[PDB]
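S.K.:
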Amino acid sequence: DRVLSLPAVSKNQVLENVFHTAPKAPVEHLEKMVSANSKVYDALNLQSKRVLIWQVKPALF
Amino acid sequence: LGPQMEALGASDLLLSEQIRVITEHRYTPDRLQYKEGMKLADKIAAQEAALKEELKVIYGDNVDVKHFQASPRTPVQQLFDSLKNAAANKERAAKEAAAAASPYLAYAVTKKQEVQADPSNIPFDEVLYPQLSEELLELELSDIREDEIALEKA
Amino acid sequence: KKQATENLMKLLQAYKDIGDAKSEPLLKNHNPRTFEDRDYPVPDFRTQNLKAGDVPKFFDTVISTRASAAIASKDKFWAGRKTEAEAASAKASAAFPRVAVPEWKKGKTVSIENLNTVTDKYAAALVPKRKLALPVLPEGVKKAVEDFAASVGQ
Amino acid sequence: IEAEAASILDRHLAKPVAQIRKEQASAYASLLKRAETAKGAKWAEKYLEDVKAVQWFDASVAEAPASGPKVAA
Numbered sequence: 063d064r065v066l067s068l069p070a071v072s073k074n075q076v077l078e079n080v081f082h083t084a085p086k087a088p089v090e091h092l093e094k095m096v097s098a099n100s101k102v103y104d105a106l107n108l109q110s111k112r113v114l115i116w117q118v119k120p121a122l123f
Numbered sequence: 362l363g364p365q366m367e368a369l370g371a372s373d374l375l376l377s378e379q380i381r382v383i384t385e386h387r388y389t390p391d392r393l394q395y396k397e398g399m400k401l402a403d404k405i406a407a408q409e410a411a412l413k414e415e416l417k418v419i420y421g422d423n424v425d426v427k428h429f430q431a432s433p434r435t436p437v438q439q440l441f442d443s444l445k446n447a448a449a450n451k452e453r454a455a456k457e458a459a460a461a462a463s464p465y466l467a468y469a470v471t472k473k474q475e476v477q478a479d480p481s482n483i484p485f486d487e488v489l490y491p492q493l494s495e496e497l498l499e500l501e502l503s504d505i506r507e508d509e510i511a512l513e514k515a
Numbered sequence: 053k054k055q056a057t058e059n060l061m062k063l064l065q066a067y068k069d070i071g072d073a074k075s076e077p078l079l080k081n082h083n084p085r086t087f088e089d090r091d092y093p094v095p096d097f098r099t100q101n102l103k104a105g106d107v108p109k110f111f112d113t114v115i116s117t118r119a120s121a122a123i124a125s126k127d128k129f130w131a132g133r134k135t136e137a138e139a140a141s142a143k144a145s146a147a148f149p150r151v152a153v154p155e156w157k158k159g160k161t162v163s164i165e166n167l168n169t170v171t172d173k174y175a176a177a178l179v180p181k182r183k184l185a186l187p188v189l190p191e192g193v194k195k196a197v198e199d200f201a202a203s204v205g206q
Numbered sequence: 222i223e224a225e226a227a228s229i230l231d232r233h234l235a236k237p238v239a240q241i242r243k244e245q246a247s248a249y250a251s252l253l254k255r256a257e258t259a260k261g262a263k264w265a266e267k268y269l270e271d272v273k274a275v276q277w278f279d280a281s282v283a284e285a286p287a288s289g290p291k292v293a294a
């Protein structure tokens, strides 16, 4: 019964109770907010190719 | 002993494929420690796939992941592997900032490469969290100490 | 949802400053080995009337029972820590920085010199809070020593 | 009309983006095919001519976004 003096918590259980969640990378915030502020740039700049300012306040020719 | 004639990190097989044969040798498939060793082999193989994906952009497709699993790269070699692709990285970032659909996206990709190609911006967990890194060292030193306590009891 | 996020962030700050008031190690309480009772009376298999194939099942039952007790002790510890930090997340400061998003007023439009600075605030969070100053050698110094080595014919 | 617009927007800002894109693309595709299966009707030719005029508006503001659409004055 040598096995009953070893720690009963396996190395698997340590590795799954210590690294429980896959941690958030810091570049995920950058790439997500950049891919959404590209849409903020596209709609709302006055130099984008697809501005909303002519679909919203049309013109007066 | 068979597969246990060489240490856990000192074979030619990968570490997870060594956990697999050690656990197949020490235990029959109906044991508890068999299942826990195969689950540990799954965790270690996940770490190996993560390290292969982290290194394949530098060392090729035949990345030889066992050499870096056994002996990880020193911070000096992390520097000198960030410096030997920095020309290709800057040319890729220039060729991608030229072909971005926006001056915003072009500034974003050149700023991401400006903050990424700097080798001082590699996040080292041993510098960031010293206490956590030494506890992660002691998590494996304690398993080896439990095996040594069993061998000194025998 | 914003109040729930602010409550969760006050909760994580409460967890951190009552994990640092006790000054305890980081991986001590997520490791279920530290909640394992090492000095339990360790049941003798010779006084349980086992047959031939029944001894490894007895060892598996003893090991898994003691591991489940260690995991449940870990869970009771974290229930106690959760109430101890719920009691301190109430009386807090809640002065957090806000997520940097570009300025967009109601009738107006965003300027690229504000999208660019929120991109700079994103890429300023990619540097680590403590980093090694790995000295990259500039071309102006490696050439100022390379021509010096070329002066003596080496 | 303000209450209907705010209700439609707050029901729309509860979706994820891929759901929004495939819903609007599916509705636009169905409404194009309902006017393309109409052949010979005057409203169908006027419908597709106005679709092409909207595409002209988009191309013309893509050509010069500070000046607006090109108006031959």
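Protein chains in written order, with the deposited numbering: chain A, 63 to 123; chain B, 362 to 515; chain C, 53 to 206; chain D, 222 to 294. For every residue, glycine included, the Cβ atom is placed at its ideal position computed from N, Cα and C.
Please classify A293 of chain D as buried or exposed, where buried requires at least 16 other C-beta atoms within 10 Å of its C-beta.
M.R.: Counted from its first residue, the fourth sequence places residue 293 of chain D at position 72. It counts as exposed.
S.K.: Can you confirm whether the stretch 479 to 496 of chain B touches the stretch 453 to 469 of chain B when touching is taken to mean that 3 or more C-beta pairs between the two stretches lie within less than 8 Å?
M.R.: Counting Cβ pairs under 8 Å, fewer than three are found: no touch.
S.K.: Is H233 of chain D helix, strand or coil when you go by DSSP?
M.R.: Start at 1 with the first residue of the fourth sequence, and residue 233 of chain D comes out as number 12. Correct three-state label for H233 of chain D: helix.
S.K.: Compute the beta-carbon to beta-carbon distance between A122 of chain C and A70 of chain A, rounded to the nearest angstrom, for a pair I have assumed lies under 8 Å.
M.R.: Locating residue 122 of chain C in the third sequence gives position 70, where the first residue counts as 1. Locating residue 70 of chain A in the first sequence gives position 8, where the first residue counts as 1. Indeed, because the Cβ distance is near 7 Å, the residues count as touching under 8 Å.
S.K.: Quick check: the Cα distance between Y92 of chain C and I115 of chain C, rounded to an integer number of angstroms?
M.R.: Numbered from its first residue, the third sequence carries residue 92 of chain C at position 40. Numbered from its first residue, the third sequence carries residue 115 of chain C at position 63. So the alpha carbons of these two residues sit roughly 12 Å apart.
S.K.: Cα separation between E509 of chain B and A202 of chain C?
M.R.: On the second sequence, residue 509 of chain B is found 148 positions in, with the first residue counted as 1. On the third sequence, residue 202 of chain C is found 150 positions in, with the first residue counted as 1. Whole-angstrom Cα-Cα distance: 57 Å.
S.K.: Is the CB of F129 of chain C under 7 Å away from at least one CB in chain A?
M.R.: The residue given as residue 129 of chain C occupies position 77 in the third sequence. For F129 of chain C, the answer is no, since every Cβ of chain A falls outside 7 Å of its Cβ.
S.K.: Measure the beta-carbon distance from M399 of chain B to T384 of chain B and round it to whole angstroms, keeping in mind my assumption that it falls under 8 Å.
M.R.: On the second sequence, position 38 is the one that residue 399 of chain B refers to. On the second sequence, position 23 is the one that residue 384 of chain B refers to. That pair is a contact at about 6 Å.
S.K.: Do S443 of chain B and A406 of chain B have their beta-carbon atoms positioned less than 7 Å apart in this structure?
M.R.: Taking the first residue of the second sequence as 1, we reach residue 406 of chain B at position 45. Taking the first residue of the second sequence as 1, we reach residue 443 of chain B at position 82. No; because the gap between Cβ atoms is not below 7 Å, this pair is not in contact.
S.K.: With 7 Å as the threshold, decide whether the Cβ of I115 of chain C is near any Cβ in chain B.
M.R.: Residue mapping note: residue 115 of chain C aligns to position 63 of the third sequence, counting from 1. Closer than 7 Å: yes.
S.K.: Counting along the chain, where does the alpha helix (DSSP H) carrying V204 of chain C start and finish?
M.R.: Taking the first residue of the third sequence as position 1, residue 204 of chain C is located at position 152. Note, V204 of chain C: premise wrong, no alpha helix (DSSP H); not H, not E.
S.K.: Rounded to whole angstroms, how far is the Cβ of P433 of chain B from the Cβ of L184 of chain C, which I believe are closer than 8 Å?
M.R.: Position 72 of the second sequence, counted from the start, is the residue given in the question as residue 433 of chain B. Position 132 of the third sequence, counted from the start, is the residue given in the question as residue 184 of chain C. In fact, because the Cβ distance is near 15 Å, the residues do not count as touching under 8 Å.
S.K.: For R182 of chain C, which residues of its own chain have a beta-carbon under 6 Å away from its beta-carbon, when the five flanking residues on both sides are left out?
M.R.: Position 130 of the third sequence, counting from 1, holds the residue named residue 182 of chain C. So no residue of the chain qualifies.
S.K.: Applying the 10 Å Cβ sphere with the 16-neighbour rule, what's the burial state of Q438 of chain B?
M.R.: On the second sequence, residue 438 of chain B is found 77 positions in, with the first residue counted as 1. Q438 of chain B should be labelled exposed.
S.K.: Helix or strand or just coil, what does DSSP make of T171 of chain C?
M.R.: Residue numbering aside, residue 171 of chain C sits at position 119 when the third sequence is read from its first letter. Correct three-state label for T171 of chain C: helix.
S.K.: Which runs of the alpha helix (DSSP H) at least 4 residues long sit entirely within the stretch 393 to 440 of chain B? Give them in chain order.
M.R.: Segments of the alpha helix (DSSP H) lying fully in the stretch 393 to 440 of chain B: 393 to 420 and 426 to 431.
S.K.: Does the distance from the C-beta atom of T161 of chain C to that of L122 of chain A stay below 7 Å?
M.R.: The residue given as residue 161 of chain C occupies position 109 in the third sequence. The residue given as residue 122 of chain A occupies position 60 in the first sequence. Not a contact, by the Cβ cut-off of 7 Å.
S.K.: Could you tell me the alpha carbon to alpha carbon distance between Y67 of chain C and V113 of chain A, rounded to whole angstroms?
M.R.: As a first step, residue 67 of chain C is located in the third sequence; it is residue number 15 there, counting from the start. As a first step, residue 113 of chain A is located in the first sequence; it is residue number 51 there, counting from the start. In a straight line, the C-alpha of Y67 of chain C is about 46 Å away from that of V113 of chain A.
S.K.: Check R133 of chain C in the structure and name its three-state DSSP category.
M.R.: Position 81 of the third sequence, counted from the first residue, corresponds to residue 133 of chain C. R133 of chain C: helix per DSSP, three-state reduction.
S.K.: Starting from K243 of chain D, follow the alpha helix (DSSP H) in both directions and report where the run begins and ends.
M.R.: Counted from its first residue, the fourth sequence places residue 243 of chain D at position 22. Segment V238 to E257, the alpha helix (DSSP H) holding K243 of chain D.
S.K.: Hey, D106 of chain C and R392 of chain B are a contact pair by Cβ (cut 8 Å); roughly how many whole angstroms apart?
M.R.: In the third sequence, the residue the question calls residue 106 of chain C occupies position 54. In the second sequence, the residue the question calls residue 392 of chain B occupies position 31. With a Cβ gap of about 13 Å, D106 of chain C and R392 of chain B do not count as contacting.
S.K.: Once you ignore the five residues that flank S494 of chain B on each side, which residues in its own chain have a CB closer than 6 Å to its CB?
M.R.: As a first step, residue 494 of chain B is located in the second sequence; it is residue number 133 there, counting from the start. The answer, listed in chain order, is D486 and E487.
S.K.: When the Cα atoms are used, what is the spatial distance from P108 of chain C to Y395 of chain B?
M.R.: Here residue 108 of chain C refers to the residue found at position 56 of the third sequence. Here residue 395 of chain B refers to the residue found at position 34 of the second sequence. C-alpha separation (whole angstroms): 12 Å.
S.K.: Is there a Cβ from chain B that is less than 7 Å from the Cβ of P77 of chain C?
M.R.: Here residue 77 of chain C is taken as the residue at index 25 of the third sequence, counted from 1. It does: the Cβ of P77 of chain C has a partner Cβ on chain B nearer than 7 Å.
S.K.: Comparing the C-beta of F123 of chain A with each C-beta of chain D, is any distance below 7 Å?
M.R.: For the purposes of this step, residue 123 of chain A is taken as the residue at position 61 of the first sequence. By this cut-off, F123 of chain A is an interface position.
S.K.: So, using beta-carbon positions, are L63 of chain C and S141 of chain C closer together than 7 Å?
M.R.: Residue mapping note: residue 63 of chain C aligns to position 11 of the third sequence, counting from 1. Residue mapping note: residue 141 of chain C aligns to position 89 of the third sequence, counting from 1. For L63 of chain C and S141 of chain C, yes; Cβs fall inside 7 Å.
S.K.: Under the three-state reduction of DSSP, which class applies to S67 of chain A: helix, strand or coil?
M.R.: The sequence position of residue 67 of chain A within the first sequence is 5, counting from 1. In the structure shown, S67 of chain A sits in coil (DSSP, three-state: anything other than H, G, I, E or B).
S.K.: Take every Cβ of the stretch 152 to 166 of chain C, pair it with every Cβ of the stretch 65 to 80 of chain C, and state whether three or more of those distances are shorter than 8 Å.
M.R.: Too few Cβ pairs lie closer than 8 Å, so no.
S.K.: When you compare the CB positions of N446 of chain B and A478 of chain B, do they come within less than 7 Å of one another, or not?
M.R.: Position 85 of the second sequence, counting from 1, holds the residue named residue 446 of chain B. Position 117 of the second sequence, counting from 1, holds the residue named residue 478 of chain B. No, these two residues do not count as a Cβ contact at 7 Å.
S.K.: Quick check: the stretch 134 to 153 of chain C against the stretch 74 to 88 of chain A, are there 3 or more CB pairs under 8 Å?
M.R.: These segments do not touch.
S.K.: Three-state secondary structure (DSSP) at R381 of chain B?
M.R.: As a working mapping, residue 381 of chain B is identified with position 20 in the second sequence. If DSSP states are grouped into helix, strand and coil, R381 of chain B belongs with the helices.
S.K.: Secondary structure at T57 of chain C, three-state DSSP: helix, strand or coil?
M.R.: Numbered from its first residue, the third sequence carries residue 57 of chain C at position 5. Correct three-state label for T57 of chain C: helix.
S.K.: For the pair the stretch 496 to 514 of chain B and the stretch 457 to 468 of chain B, tell me if three or more CB-CB distances fall below 8 Å.
M.R.: Flag = no, the stretch 496 to 514 of chain B and the stretch 457 to 468 of chain B do not touch.
S.K.: What first and last residue would you give for the alpha helix (DSSP H) that runs through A185 of chain C?
M.R.: As a position in the third sequence, residue 185 of chain C is number 133, starting the count at 1. Premise fails: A185 of chain C is in no alpha helix (DSSP H) and is neither H nor E.
S.K.: Report the neighbours of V118 of chain A on chain F: residues whose CB is nearer than 9 Å to its CB, in chain order.
M.R.: In the displayed structure, chain F is absent; the protein chains listed are A, B, C and D.
S.K.: Count the other CB atoms within 10 Å of the CB of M366 of chain B; is the residue buried (16 or more) or exposed (fewer)?
M.R.: Counting from one through the second sequence, the residue named residue 366 of chain B turns up at place 5. By the 10 Å Cβ count, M366 of chain B comes out exposed.
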